[PDB]
Amino acid sequence: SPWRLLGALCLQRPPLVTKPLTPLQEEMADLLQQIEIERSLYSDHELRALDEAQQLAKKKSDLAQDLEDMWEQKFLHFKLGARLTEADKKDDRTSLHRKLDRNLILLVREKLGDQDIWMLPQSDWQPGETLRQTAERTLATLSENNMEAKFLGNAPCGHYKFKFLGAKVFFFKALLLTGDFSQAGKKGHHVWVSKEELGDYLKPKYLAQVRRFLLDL
Amino acid sequence: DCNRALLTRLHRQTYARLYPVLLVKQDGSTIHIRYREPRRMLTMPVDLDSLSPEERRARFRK
Amino acid sequence: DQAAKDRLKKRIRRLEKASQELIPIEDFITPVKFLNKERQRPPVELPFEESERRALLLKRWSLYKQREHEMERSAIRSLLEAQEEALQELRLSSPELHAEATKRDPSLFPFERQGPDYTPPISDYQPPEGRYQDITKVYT
Amino acid sequence: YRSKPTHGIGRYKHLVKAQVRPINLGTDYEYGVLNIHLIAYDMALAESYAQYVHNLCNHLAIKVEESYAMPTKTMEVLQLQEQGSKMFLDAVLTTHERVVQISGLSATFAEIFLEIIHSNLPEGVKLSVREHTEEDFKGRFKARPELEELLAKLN
Amino acid sequence: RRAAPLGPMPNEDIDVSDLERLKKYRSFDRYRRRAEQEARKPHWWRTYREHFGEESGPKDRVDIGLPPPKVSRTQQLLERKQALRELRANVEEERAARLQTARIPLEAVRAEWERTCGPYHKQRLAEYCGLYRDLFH
Amino acid sequence: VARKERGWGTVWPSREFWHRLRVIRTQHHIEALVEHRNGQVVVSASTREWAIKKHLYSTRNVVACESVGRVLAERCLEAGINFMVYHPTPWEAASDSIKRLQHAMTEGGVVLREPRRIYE
RNA sequence: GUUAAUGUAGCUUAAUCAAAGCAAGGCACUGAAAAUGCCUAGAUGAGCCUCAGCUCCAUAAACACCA
Ligand SMILES: [Mg+2]
Numbered sequence: 043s044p045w046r047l048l049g050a051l052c053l054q055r056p057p058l059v060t061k062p063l064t065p066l067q068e069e070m071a072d073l074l075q076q077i078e079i080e081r082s083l084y085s086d087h088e089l090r091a092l093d094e095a096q097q098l099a100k101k102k103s104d116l117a118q119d120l121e122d123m124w125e126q127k128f129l130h131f132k133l134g135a136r137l138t139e140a141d142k143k144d145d146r147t148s149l150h151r152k153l154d155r156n157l158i159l160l161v162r163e164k165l166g167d168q169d170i171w172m173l174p175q176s177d178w179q180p181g182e183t184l185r186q187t188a189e190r191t192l193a194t195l196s197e198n199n200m201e202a203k204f205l206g207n208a209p210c211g212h213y214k215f216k217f227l228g229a230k231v232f233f234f235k236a237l238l239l240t241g242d243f244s245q246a247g248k249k250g251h252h253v254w255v256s257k258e259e260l261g262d263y264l265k266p267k268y269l270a271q272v273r274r275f276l277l278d279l
Numbered sequence: 035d036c037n038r039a040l041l042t043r044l045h046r047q048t049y050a051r052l053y054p055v056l057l058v059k060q061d062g063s064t065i066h067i068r069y070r071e072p073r074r075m076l077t078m079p080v081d082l083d084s085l086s087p088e089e090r091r092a093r094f095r096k
Numbered sequence: 017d018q019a020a021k022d023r024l025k026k027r028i029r030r031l032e033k034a035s036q037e038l039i040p041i042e043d044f045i046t047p048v049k050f051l052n053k054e055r056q057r058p059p060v061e062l063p064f065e066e067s068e069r070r071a072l073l074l075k076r077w078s079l080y081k082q083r084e085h086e087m088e089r090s091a092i093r094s095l096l097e098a099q100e101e102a103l104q105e106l107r108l109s110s111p112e113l114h115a116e117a118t119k120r121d122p123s124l125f126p127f128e129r130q131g132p133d134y135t136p137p138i139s140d141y142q143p144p145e146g147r148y149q150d151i152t153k154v155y156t
Numbered sequence: 048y049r050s051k052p053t054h055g056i057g058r059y060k061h062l063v064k065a066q077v078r079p080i081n082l083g084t085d086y087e088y089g090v091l092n093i094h095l096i097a098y099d100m101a102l103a104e105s106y107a108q109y110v111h112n113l114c115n116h117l118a119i120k121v122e123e124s125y126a127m128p129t130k131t132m133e134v135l136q137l138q139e140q141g142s143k144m145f146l147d148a149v150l151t152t153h154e155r156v157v158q159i160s161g162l163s164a165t166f167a168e169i170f171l172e173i174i175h176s177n178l179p180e181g182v183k184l185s186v187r188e189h190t191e192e193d194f195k196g197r198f199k200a201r202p203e204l205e206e207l208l209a210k211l212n
Numbered sequence: 027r028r029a030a031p032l033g034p035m036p037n038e039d040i041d042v043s044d045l046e047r048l049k050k051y052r053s054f055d056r057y058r059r060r061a062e063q064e065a066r067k068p069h070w071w072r073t074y075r076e077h078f079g080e081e082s083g084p085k086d087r088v089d090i091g092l093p094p095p096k097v098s099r100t101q102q103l104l105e106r107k108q109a110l111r112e113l114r115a116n117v118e119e120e121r122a123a124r125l126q127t128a129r130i131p132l133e134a135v136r137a138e139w140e141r142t143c144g145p146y147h148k149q150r151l152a153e154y155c156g157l158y159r160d161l162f163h
Numbered sequence: 061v062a063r064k065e066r067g068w069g070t071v072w073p074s075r076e077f078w079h080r081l082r083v084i085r086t087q088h089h090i091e092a093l094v095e096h097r098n099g100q101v102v103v104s105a106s107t108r109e110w111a112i113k114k115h116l117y118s119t120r121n122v123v124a125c126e127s128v129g130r131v132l133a134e135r136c137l138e139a140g141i142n143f144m145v146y147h148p149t150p151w152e153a154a155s156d157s158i159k160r161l162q163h164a165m166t167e168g169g170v171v172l173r174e175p176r177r178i179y180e
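Residue numbers (the entry's author numbering), protein chains in the order written: chain Bj, 43 to 104, 116 to 217, 227 to 279; chain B4, 35 to 96; chain Bd, 17 to 156; chain Bk, 48 to 66, 77 to 212; chain Bb, 27 to 163; chain BS, 61 to 180.
Rendered as structure tokens:
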């Protein structure tokens, strides 16, 4: 029984912005802020504000407000960046900045002679090569861009075997540091997608079990 | 899961009042930090990441 | 020449035989600035309906925390089972790869990591100007 | 009594003991102690996430060697006033570091543990998982002015 | 000279080596529960109870009495869970419990106790007072 | 005039009594027993009992503790026991529930501090 | 489609008083843990049968099949 070895990469980019807060979480945040304010001693700002108010009241019958007004005006003038970058486009899904609130994975499209599969980034290696060097070479030459990826461990993340004569595929997970993708208008189509998109797209049973070792968050 | 260890407070008896100040570094991103002197916006600058030539070029551009 | 070296070595040995106490942490010690404001604090007088709402909120939060902890441990156990199955499969396949994989890479020692932010980074953002200085204390 | 069958029934010193270089063998890669550092500007966030990681280690049966705090590193913010040629203080930011020390850890469990930590990592906090070295050990200690002057005059 | 133990030693099950990875209790009351559980077991060495009259230890007492009433275990459990759920569904009970101001129908509780489990407590009190030993022996 | 079991002195709790009150506060139920010197269980009231379970909510809390205390007090009065000894740990004596249990026993009529033996 | 076996909560009780004990989480307290107090949710897999039996689903290890 001939045996085939095969490697694949689970290349994961972490989110850049935090998820929206559950209303229960917001309620607890407000309650914690309230109790922290109550059990706080005094802050210097409120101390001087109260002192100035009292001395002005006593001197009238015989500032901190300006500072907070200036701070509020500066805050109003300053404009922050848009947290949402996908609800305005709704047409570009391959962008690296597609989703910022969740962790994403990259899937590439390839059409083989006999099989039309929804495969992850994948490669082969000679017996003289190691799994980590194989993964590094795969990410270096398949993506065709100068990107930095951080590897967590040498232990395999997922394993899948299929008999036609049998083949084994090892999925190894890796984390993004910075991605500078060149030649974005190429025919090769790669997209950044979430776990829901994996569940929607991944038709084969072997590739539909990646969510078992991919965290939901 | 980023909001797992965020819903907390200061667990001491004698402590000053701290406010959710929005701080920005040289990236455009914002971070919420508990801090006295409740100024809504704080911006942290940079003057040492560049070299002498880059600093001179920035001064000329200014 | 030799006497000075002998005295220097004796002083070095005496200094080495001394203690190695750590720097006291300013966080755990309350500064004396907070001893002049405790006597003026007014009470809060928490009322009954607000007490009811706070108690119910804490109970709901405790239940939610238990549920999310159960989910997170379930995720860890699923990941551990997947990793164990993969390792056993690879051990059954070939032992040399198992031996070369059950070790640690030399590039994991300086692992640096940063969490997310409240807003995404703003492109073409430039700080006006500003220098820095160290105002931390010293201890001998 | 020594000759009775019940001798040694009251022995208890073998149940309690009261009086690290990495261990690598190729397959049981149980390396030495590790230090996880959280760098933050938020007291509450840093302490909360240190508590969370300590509880996670306790549940995962990772022997926590120590859990301490690095002395505060305070930085002064000086901004350049408009029209230039003037530097004025804006505010002061205090940086805090919380350290948790773990004893033993395998490769697969390390990968899972790092995955969990970086998935649960909160805002504005820097994670640093390193080896426990002599420099790290001496960082949380007093200065040695006399010793360094003696070394300088010796050399 | 040495003599082999006449049975299992008390602390010979747990492993002496690798104590750090072995779970430990940190609670004096927990240790107290463990110790009182151990003290009731029939050890092979001389014990306090043997000398101070455990009354021949276990005794197969002859039961001369009415059979216990026959009840449906499944139906009883279903009704008890239903009652517990309907009680817990209330909110005034929750408010009373949290405010620590809630009274008890003592007469009722005594009624159900005497109905369901009073006979056994009465029998053990008769055992303690020695009625059976002097009436039937 | 019965012979109290003076003795141990080096272990806890003291076994010099005739009837001892023992309160077991598990994570789900609260039980209260009175035991003789020989260890036999004399009168017990537990929140596991259906009679208290059906009339009581949250069988672990302080109201449950006072409930079982009052039930054991009336049961002891029925059984003819007026004096017991209670030996709690220092942290247990400061607890809110067991102080209420002691107060419930006192107001129910059963008194602690078993009387001294005549010609001890 | 086969067997040696089971669905008591994460683990073991019990199934004539009663589904229990240990686990697991939030708040108060300390630098963190730990202890204590106040607490929070928990199960006899499901359908009929007489008052232990037949099926479906699920887990666990092997045999045919698709990969
Ligand atoms: Mg029952």
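Built from N, CA and C at the ideal position, the CB exists for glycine as well.
Beta carbons nearer than 9 Å to chain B4: which residues of the stretch 119 to 140 of chain Bk have them?
Result list: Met-132, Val-134, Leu-135, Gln-136 and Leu-137.
According to a CB-to-CB cut-off of less than 8 Å, which residues of the stretch 71 to 94 of chain Bj neighbour chain Bd?
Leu-73, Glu-80, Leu-83, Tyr-84 and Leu-89
Please decide whether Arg-89 (chain Bd) counts as near chain Bj, where near means a Cβ-Cβ distance under 8 Å.
no
Does the beta-carbon distance from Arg-46 (chain Bj) to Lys-230 (chain Bj) come in below 8 Å?
yes
In chain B4, what lies closer than 9 Å to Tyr-80 (chain Bd) by C-beta?
The contacting residues do not exist; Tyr-80 (chain Bd) stays about 10 Å from chain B4 at best.
Output needed in chain order: residues of the stretch 116 to 131 of chain BS with a Cβ under 9 Å from some Cβ in chain Bb.
When CB distances to chain Bb are screened at a threshold of 9 Å, the residues of the stretch 116 to 131 of chain BS falling below it are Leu-116, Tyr-117, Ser-118, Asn-121, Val-122, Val-123, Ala-124, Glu-126, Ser-127, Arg-130 and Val-131, in chain order.
How about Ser-104 (chain BS) and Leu-93 (chain BS): do their beta carbons lie closer than 8 Å?
yes
Our contact map puts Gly-181 (chain Bk) next to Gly-131 (chain Bd) with C-beta atoms below 8 Å; I'd like the distance itself, whole angstroms only.
7 Å
Residues of chain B4 with CB closer than 8 Å to the CB of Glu-180 (chain Bk), please, in chain order.
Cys-36, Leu-40, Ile-65 and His-66
Is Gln-175 (chain Bj) helix, strand or coil by DSSP?
It is a strand residue.
On a Cα-Cα basis, can you pick out the residue from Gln-60 (chain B4), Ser-86 (chain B4) and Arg-68 (chain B4) that is closest to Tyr-49 (chain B4)?
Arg-68 (chain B4)
Per DSSP, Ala-236 (chain Bj) forms a beta bridge with which residues?
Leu-53 (chain Bj) and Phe-204 (chain Bj)
Compare the C-beta of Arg-147 (chain Bd) against all C-beta atoms of chain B4 and say whether one is closer than 8 Å.
Taking CB atoms only, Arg-147 (chain Bd) has a neighbour in chain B4 less than 8 Å away.
Examine chain Bb for any beta-carbon lying closer than 8 Å to the beta-carbon of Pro-52 (chain Bk), and answer yes or no.
yes
Among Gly-206 (chain Bj), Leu-74 (chain Bj) and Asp-242 (chain Bj), which has the Cα closest to the Cα of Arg-51 (chain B4)?
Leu-74 (chain Bj)
Strictly closer than 6 Å from CB to any heavy atom of ligand 1: give me those residues in the order they appear in the chain.
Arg-99 (chain Bb), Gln-102 (chain Bb) and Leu-103 (chain Bb)
Assuming the contact rule is C-beta atoms closer than 8 Å, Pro-174 (chain Bj) and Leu-51 (chain Bj) should be a hit. Round their C-beta distance to whole Å, please.
5 Å
Can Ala-167 (chain Bk) and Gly-206 (chain Bj) be called in contact, C-beta distance under 8 Å?
yes
Out of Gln-63 (chain Bb), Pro-36 (chain Bb), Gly-79 (chain Bb) and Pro-145 (chain Bb), which has the shortest C-alpha to C-alpha gap to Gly-91 (chain Bb)?
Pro-145 (chain Bb)
Rounded to a whole number of angstroms, what is the C-alpha to C-alpha distance between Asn-115 (chain Bk) and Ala-109 (chain Bb)?
Distance between the alpha carbons of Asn-115 (chain Bk) and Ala-109 (chain Bb): 39 Å.
Using the Cα positions of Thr-183 (chain Bj) and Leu-24 (chain Bd), report the straight-line distance between them to the nearest angstrom.
The straight-line gap from Cα to Cα measures roughly 55 Å.
Contact belief for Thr-118 (chain Bd) with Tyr-86 (chain Bk) at Cβ below 8 Å, rounded distance in angstroms:
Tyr-86 (chain Bk) and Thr-118 (chain Bd) do touch by the CB rule: their CB atoms are close to 6 Å apart, below 8 Å.
Hey, is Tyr-57 (chain Bb) close to ligand 2, as in C-beta under 7 Å from one of its heavy atoms?
Absence of ligand 2 from the depicted structure is noted, with ligand 1 being the only ligands included.
Helix, strand or coil for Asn-81 (chain Bk) per DSSP?
coil
Cα-Cα separation, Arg-56 (chain Bb) to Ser-185 (chain Bk):
Looking at the two C-alpha atoms, the distance is approximately 39 Å.
Same chain, Cβ closer than 7 Å to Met-144 (chain Bk), five either side skipped, listed in chain order:
The answer, listed in chain order, is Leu-135 and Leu-137.
Looking at chain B4, is there any beta carbon in it that lies within less than 8 Å of the beta carbon of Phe-50 (chain Bd)?
Interface residue, yes.
Can you tell me whether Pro-122 (chain Bd) is buried or exposed? The criterion is at least 16 other CB atoms within 10 Å of its CB, across all chains shown.
exposed
Indicate the three-state DSSP secondary structure (helix, strand or coil) for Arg-146 (chain Bj) in the structure shown.
coil
In chain Bk, which residues lie less than 9 Å from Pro-56 (chain Bj) when you measure between Cβ atoms?
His-175, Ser-176 and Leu-178
Step through the CB atoms of chain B4 and report whether any lies within less than 8 Å of the CB of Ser-105 (chain Bk).
Output row for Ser-105 (chain Bk): interface = yes.
Checking contacts by CB at 8 Å: is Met-78 (chain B4) closer than that to chain Bk?
yes
DSSP three-state assignment for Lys-102 (chain Bj), whether helix, strand or coil
helix
So, do the stretch 159 to 175 of chain Bk and the stretch 88 to 100 of chain Bd have three or more beta carbon pairs nearer to each other than 8 Å?
yes
Member of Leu-76 (chain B4), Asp-81 (chain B4) and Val-80 (chain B4) whose CA lies at the smallest distance from the CA of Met-123 (chain Bj)
Considering only alpha carbons, the answer is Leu-76 (chain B4).
State the DSSP-derived secondary structure class of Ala-50 (chain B4), mapped to helix, strand or coil.
coil
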